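To start, the structure itself, in structure tokens.
Number of protein chains: 2
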Amino acid sequence: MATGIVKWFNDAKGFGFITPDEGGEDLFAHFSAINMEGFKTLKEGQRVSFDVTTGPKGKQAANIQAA
Amino acid sequence: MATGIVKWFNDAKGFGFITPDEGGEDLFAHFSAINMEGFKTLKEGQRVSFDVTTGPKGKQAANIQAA
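Heads up: the protein sequence lines correspond to chains A and B, in order.
The numbering of the first sequence is the authors' numbering, which starts it at 1 and goes up by one.
The numbering of the second sequence is the authors' numbering, which starts it at 1 and goes up by one.
This is how it looks when you write it as structure tokens:
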């Protein structure tokens, strides 16, 4: 499965462009193209925003979102 | 509240640690802490994996997931 970095994205009409990693031309990416199963976990390197809260494991990230 | 980068995560037991951006101690991040509303859009700089497919806008990213 191919990979790449999101180059830019406007929330108004809900799409952006992805630069593919292994070379090639930029891809159009509509928000509706997001597979929600693809984001049920967190990934190494992934930038995220969150609330900070004290839980059982101590200081923890709540309400995690993409940043 | 705050932002940060996911430093390390383990898909088996479903938890990892986030290093906060604006200084501080690393935070425990369980996958159930993920707010799905937080990922319905794509973010600038976000690393993603995808199918490639020809749609109306031309070459497009399909089935987009976090990478």
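Note that the Cβ used here is the ideal one computed from N, Cα and C, for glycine as well.
> Between the region 47 to 67 of chain B and chain A, which residues of the former have CB atoms less than 8 Å from a CB of the latter, in chain order?
Replying inline: Correct list: 47, 48, 49, 50, 51, 52, 55, 57, 58, 59, 60, 61, 62, 63, 64, 65, 66, 67.
>> So, with DSSP's three-state summary, where would you put residue 14(B)?
In response: Reduced to three states, the DSSP call for residue 14(B) is coil.
> Taking all protein chains shown into account, do 16 or more other C-beta atoms lie within 10 angstroms of the C-beta of residue 33(B), making it buried, or fewer, making it exposed?
Replying inline: Counting Cβ neighbours within 10 Å, residue 33(B) comes out buried, since at least 16 surround it.
>> Against residue 87(A), what residues of chain B qualify as contacts under a CB-to-CB distance less than 9 Å, listed in chain order?
In response: Residue 87(A) lies beyond the range of chain A shown here (1 to 67); nothing can be said about it.
> Name the chain A residues whose beta carbon is nearer than 8 Å to that of residue 45(B)?
Replying inline: Per Cβ cutoff of 8 Å: 5, 6, 47.
>> Check whether chain A comes within 9 Å of residue 13(B), counting only Cβ atoms and requiring the distance to be less than that.
In response: By this cut-off, residue 13(B) is not an interface position.
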